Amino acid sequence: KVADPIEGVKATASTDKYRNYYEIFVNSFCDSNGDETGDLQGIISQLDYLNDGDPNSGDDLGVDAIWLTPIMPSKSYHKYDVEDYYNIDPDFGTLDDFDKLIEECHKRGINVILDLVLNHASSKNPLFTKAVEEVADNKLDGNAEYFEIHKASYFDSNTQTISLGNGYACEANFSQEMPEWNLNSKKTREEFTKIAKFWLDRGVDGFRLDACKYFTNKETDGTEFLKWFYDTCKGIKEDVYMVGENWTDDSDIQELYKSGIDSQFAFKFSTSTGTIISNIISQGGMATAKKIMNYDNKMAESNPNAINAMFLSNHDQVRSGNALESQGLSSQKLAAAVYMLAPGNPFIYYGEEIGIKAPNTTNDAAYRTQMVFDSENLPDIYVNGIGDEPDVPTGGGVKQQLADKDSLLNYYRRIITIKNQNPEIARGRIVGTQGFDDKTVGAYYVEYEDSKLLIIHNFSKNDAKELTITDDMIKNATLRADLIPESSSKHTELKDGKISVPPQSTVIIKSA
């Protein structure tokens, strides 16, 4: 019977770089034409589920940016081997379907970034097939100049290669079908400028940049390359946004931020062995708050405009729900609150919001299962390596979960609404932790210019925490928002300076 503190509070749609992102593995999301392959028209058909354009009404998820996995011609179902950087794979649609998707996203306040694969191309990209022919004729000063082609003996020993003619090879860390670009090449830079402009001119808001760890090599400074590319794209589109996958230690992420790239994925906090899920299982609130503050701030030293990119899991990892669901739905809910209420831009993986699991932990295809909009009418999508038979989410599909006020999905929805009511959360920096003499409680102050919030998480699985909020912490403290997983009907309150934070709950404190 305690009033919901967010009732009637005005939400505002984001109009800047700060977004709750949604990663769509295109193959697996929505099939509009019966071939068992997801496509762009399928995404279009579900845009009102993603964002209906009105932050103050409706039953949409509410995400305000999409990251599309590769959409360009490729023989593979994942398409990270790019055969043509200037078109749409026919299974996904045409450039007209792409233009429709952009228009329809933007009408709803949804930004769109593309997976732009700069480390490597397909071995069937025509630029590369020409290089291969020319190398076989001992011509190295044509198309070979686009690619990381050298005599075999040049390569660092632990570098995998593609064998070419006449004793030459091409760097290929990921596959024999993924030859690497020479990022130092004049010709390559020219080509990348053309590809960037091609997509930016179609209304794209920016890029996800895979495999940044492999920009740097024996002769390439990846920071120099990414700075060159990023600044090129800023000239084309001043408010272009990029997020890099740099799957490596913190010091390498610090280094790469000197490029001025907005964001790099925060791998440290992802997966079952990562900070967030590990500490939700271990009930380590205080540790998690400390680690988020220290990491966000360290990265800001390298780039003062860094936008951290928190995530539980992506298309290259086991689904987060494989670890979290067996710990109870309230653990899954807390996890969402923790990663999404950290500074920066969180990335929800499609289907995470309804608890899609991986049927096995070892096969990448099992990380990319079929999105379930309605568990009564299961999808019919083929995913190479796991077939087309759909798993049923424990909580049902989108339609089921939207109706149930206590669903995982509705918890995500509420998190997003709280963010749309409180811009400081995404845009600010953590200026300090707040101790509550309890290792289960993780609390920190996020401040964005003139405005500070106190975010408190109770990681305890079983125990409510009665906390005292003083004027030294937040002057004239009020309860701005709550997230209480046990029941959507349950709210708390701040009364005579005391607030009960239930198990696995989050509260947000703000000055009157």
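In case it trips you up, residue 1 is the first one in the sequence shown, and so on.
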- prompt: Which is higher in the entry, the mean Cα B factor of 320 to 328 or that of 352 to 360?
  reply: 320 to 328
statement: Of 81 to 89 vs 152 to 160, the stretch with the larger average CA B-factor in the entry is 152 to 160
query: Per the PDB entry, which option out of 448, 444, 49, 459 has the greatest Cα B factor?
result: 448
Residue of maximum C-alpha B factor among 120, 218, 208, 414, per deposited coordinates: 218
message: When the deposited Cα B-factors of this chain's modelled residues are ordered and cut into thirds, is residue 288 in the lowest, the middle or the highest one?
response: middle
- line: Chain-relative C-alpha B factor for residue 274 (record values, thirds): the middle
message: Please place residue 43 in the lowest, middle or highest third of its chain according to the CA B-factor in the PDB entry.
response: lowest
query: So where's residue 100 on the chain's Cα temperature factor ranking, which third?
result: highest
- prompt: According to the PDB entry, is the CA B factor of residue 16 in the bottom, middle or top third of its chain, that is, lowest, middle or highest?
  reply: middle
